[PDB]
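Student: I'm passing along structure_29.pdb; it holds PDB, C-alpha atoms (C1' of nucleotides).
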ATOM      1  CA  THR E   2     -27.222 -91.572 -71.002
ATOM      2  CA  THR E   3     -26.000 -87.985 -71.371
ATOM      3  CA  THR E   4     -27.518 -85.024 -69.532
ATOM      4  CA  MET E   5     -28.344 -81.597 -70.992
ATOM      5  CA  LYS E   6     -28.829 -78.866 -68.386
ATOM      6  CA  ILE E   7     -31.411 -76.240 -69.367
ATOM      7  CA  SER E   8     -33.000 -73.123 -67.909
ATOM      8  CA  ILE E   9     -35.979 -70.986 -68.922
ATOM      9  CA  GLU E  10     -36.015 -67.200 -68.517
ATOM     10  CA  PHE E  11     -39.392 -65.440 -68.479
ATOM     11  CA  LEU E  12     -39.850 -62.015 -70.043
ATOM     12  CA  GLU E  13     -43.442 -61.550 -68.797
ATOM     13  CA  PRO E  14     -45.549 -62.567 -65.790
ATOM     14  CA  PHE E  15     -46.456 -66.244 -66.094
ATOM     15  CA  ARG E  16     -49.663 -68.036 -65.106
ATOM     16  CA  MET E  17     -50.016 -70.763 -62.463
ATOM     17  CA  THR E  18     -52.774 -73.259 -61.629
ATOM     18  CA  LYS E  19     -54.633 -73.595 -58.335
ATOM     19  CA  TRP E  20     -53.573 -76.662 -56.342
ATOM     20  CA  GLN E  21     -56.060 -79.559 -56.224
ATOM     21  CA  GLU E  22     -56.468 -82.822 -54.324
ATOM     22  CA  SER E  23     -55.441 -86.097 -55.954
ATOM     23  CA  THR E  24     -59.085 -87.219 -56.195
ATOM     24  CA  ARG E  25     -59.621 -84.310 -58.636
ATOM     25  CA  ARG E  26     -56.621 -84.636 -61.000
ATOM     26  CA  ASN E  27     -58.483 -86.311 -63.859
ATOM     27  CA  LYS E  28     -60.218 -85.601 -67.156
ATOM     28  CA  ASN E  29     -63.677 -85.057 -65.616
ATOM     29  CA  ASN E  30     -62.551 -81.992 -63.603
ATOM     30  CA  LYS E  31     -62.898 -78.907 -65.807
ATOM     31  CA  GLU E  32     -60.788 -76.723 -63.513
ATOM     32  CA  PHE E  33     -57.858 -79.161 -63.632
ATOM     33  CA  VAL E  34     -58.070 -79.636 -67.405
ATOM     34  CA  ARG E  35     -58.213 -75.887 -68.101
ATOM     35  CA  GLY E  36     -55.060 -75.265 -66.037
ATOM     36  CA  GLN E  37     -52.929 -77.877 -67.802
ATOM     37  CA  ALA E  38     -51.035 -75.233 -69.840
ATOM     38  CA  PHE E  39     -49.905 -73.216 -66.773
ATOM     39  CA  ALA E  40     -47.316 -73.668 -64.060
ATOM     40  CA  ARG E  41     -48.200 -75.721 -60.978
ATOM     41  CA  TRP E  42     -48.090 -75.309 -57.208
ATOM     42  CA  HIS E  43     -46.529 -78.073 -55.107
ATOM     43  CA  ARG E  44     -47.485 -78.435 -51.446
ATOM     44  CA  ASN E  45     -44.742 -79.916 -49.283
ATOM     45  CA  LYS E  46     -47.477 -81.477 -47.132
ATOM     46  CA  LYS E  47     -51.076 -81.822 -48.245
ATOM     47  CA  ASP E  48     -52.706 -80.169 -45.196
ATOM     48  CA  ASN E  49     -50.631 -76.948 -45.431
ATOM     49  CA  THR E  50     -50.350 -74.291 -48.144
ATOM     50  CA  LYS E  51     -46.542 -74.159 -47.751
ATOM     51  CA  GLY E  52     -44.925 -75.028 -51.051
ATOM     52  CA  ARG E  53     -43.263 -73.757 -54.215
ATOM     53  CA  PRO E  54     -43.984 -73.579 -57.972
ATOM     54  CA  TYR E  55     -42.790 -75.862 -60.761
ATOM     55  CA  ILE E  56     -43.252 -76.671 -64.459
ATOM     56  CA  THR E  57     -43.752 -80.175 -65.861
ATOM     57  CA  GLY E  58     -41.414 -81.614 -68.465
ATOM     58  CA  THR E  59     -44.469 -82.856 -70.363
ATOM     59  CA  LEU E  60     -45.547 -79.292 -71.157
ATOM     60  CA  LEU E  61     -42.081 -78.350 -72.396
ATOM     61  CA  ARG E  62     -42.087 -81.531 -74.493
ATOM     62  CA  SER E  63     -45.391 -80.551 -76.111
ATOM     63  CA  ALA E  64     -44.120 -77.053 -76.929
ATOM     64  CA  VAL E  65     -40.942 -78.542 -78.411
ATOM     65  CA  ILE E  66     -42.953 -80.936 -80.594
ATOM     66  CA  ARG E  67     -45.008 -78.030 -81.954
ATOM     67  CA  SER E  68     -41.796 -76.118 -82.690
ATOM     68  CA  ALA E  69     -40.327 -79.156 -84.457
ATOM     69  CA  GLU E  70     -43.425 -79.398 -86.649
ATOM     70  CA  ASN E  71     -42.977 -75.777 -87.706
ATOM     71  CA  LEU E  72     -39.247 -76.132 -88.404
ATOM     72  CA  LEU E  73     -39.755 -79.279 -90.479
ATOM     73  CA  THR E  74     -42.483 -77.447 -92.385
ATOM     74  CA  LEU E  75     -39.973 -74.739 -93.301
ATOM     75  CA  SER E  76     -37.307 -77.241 -94.427
ATOM     76  CA  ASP E  77     -39.783 -79.334 -96.481
TER
ATOM     77  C1'   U W   1     -42.891 -82.319 -58.602
ATOM     78  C1'   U W   2     -44.327 -84.714 -65.052
ATOM     79  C1'   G W   3     -44.765 -89.256 -67.988
ATOM     80  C1'   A W   4     -44.317 -89.649 -73.149
ATOM     81  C1'   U W   5     -46.904 -91.714 -80.314
ATOM     82  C1'   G W   6     -51.675 -86.458 -79.420
ATOM     83  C1'   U W   7     -52.231 -79.683 -74.694
ATOM     84  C1'   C W   8     -54.823 -73.889 -80.691
ATOM     85  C1'   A W   9     -55.428 -71.631 -73.415
ATOM     86  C1'   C W  10     -50.962 -65.561 -77.168
ATOM     87  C1'   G W  11     -58.920 -70.015 -77.159
ATOM     88  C1'   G W  12     -61.584 -65.613 -73.163
ATOM     89  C1'   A W  13     -60.831 -56.816 -72.509
ATOM     90  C1'   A W  14     -63.135 -57.567 -65.241
ATOM     91  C1'   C W  15     -66.395 -55.596 -69.081
ATOM     92  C1'   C W  16     -71.233 -53.048 -68.627
ATOM     93  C1'   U W  17     -74.928 -48.823 -65.836
ATOM     94  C1'   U W  18     -74.467 -44.437 -61.867
ATOM     95  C1'   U W  19     -74.147 -35.823 -61.677
ATOM     96  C1'   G W  20     -70.206 -35.456 -54.553
ATOM     97  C1'   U W  21     -75.063 -34.149 -54.737
ATOM     98  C1'   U W  22     -79.685 -32.065 -51.372
ATOM     99  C1'   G W  23     -81.066 -28.520 -47.280
ATOM    100  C1'   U W  24     -78.691 -23.622 -44.549
ATOM    101  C1'   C W  25     -79.246 -14.837 -44.860
ATOM    102  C1'   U W  26     -71.840 -13.959 -41.917
ATOM    103  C1'   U W  27     -75.763 -13.123 -38.784
ATOM    104  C1'   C W  28     -76.731 -10.608 -33.535
ATOM    105  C1'   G W  29     -78.854  -7.504 -26.126
ATOM    106  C1'   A W  30     -80.018  -8.775 -21.478
ATOM    107  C1'   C W  31     -77.644 -11.616 -19.078
ATOM    108  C1'   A W  32     -73.864 -13.546 -15.217
ATOM    109  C1'   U W  33     -72.876 -14.921  -9.809
ATOM    110  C1'   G W  34     -74.597 -16.597  -4.350
ATOM    111  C1'   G W  35     -75.659 -15.084  -0.384
ATOM    112  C1'   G W  36     -76.709 -11.453   3.609
ATOM    113  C1'   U W  37     -79.729  -9.819   8.181
ATOM    114  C1'   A W  38     -82.453 -10.930  12.334
TER
END
Once you've parsed the file, please lay out its structure as structure tokens.
Tutor:
Amino acid sequence: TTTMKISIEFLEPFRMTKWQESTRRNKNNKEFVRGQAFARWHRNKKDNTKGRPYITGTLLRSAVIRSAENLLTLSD
RNA sequence: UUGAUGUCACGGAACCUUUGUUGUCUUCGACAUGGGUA
């Protein structure tokens, strides 16, 4: 395998989801499903708010697939 | 700290209603103080 280092630079304030317990991270929780397009909060330990933000590779993948659809539309 | 053949969340105006307002002559006279003498 070969590794491609990337970085993302924001030009505007970005949105982030409210952290939720693992019993609630499923399709029947409206709050979790609505936040799936935002950034996430990670707690270092589940009983403390201490943590830091992150972005999933899945979301970037989805955005890239949409972009690829548009580019291939332009090139026929 | 994701999981992958499927994410329109740039898919959603913190928006809407509310009088810093009501009442009042820039006037006017008797009052302070605590003993003293048998």
Student: One number please: atom CA of residue 32 of chain E to atom CA of residue 11 of chain E, in Å, one decimal.
Tutor: 24.7 Å
Student: Residues of chain W within 7 Å of chain E, using all atoms listed in the file, as a PyMOL selection string?
Tutor: chain W and resi 1-3+7+9
Student: When you draw a straight line from atom CA of residue 51 of chain E to atom CA of residue 22 of chain E, how long is it in Å?
Tutor: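 Interatomic distance here is 14.7 Å.
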Student: Calculated over all atoms listed in the file, which of the candidates E:70, E:29, E:40, E:3 has the smallest distance to residue 17 of chain E?
Tutor: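 For residue 17 of chain E, the nearest of the candidates is E:40.
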Student: Evaluate the PyMOL selection byres ((chain W and resi 5) around 12) and record the selected residues as a list in words, following the chain and residue labels used in the document.
Tutor: residues 66 of chain E; 4 and 6 of chain W
Student: Atom CA of residue 20 of chain E and atom CA of residue 47 of chain E are how many Å apart?
Tutor: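 For atom CA of residue 20 of chain E relative to atom CA of residue 47 of chain E, the distance reads 9.9 Å.
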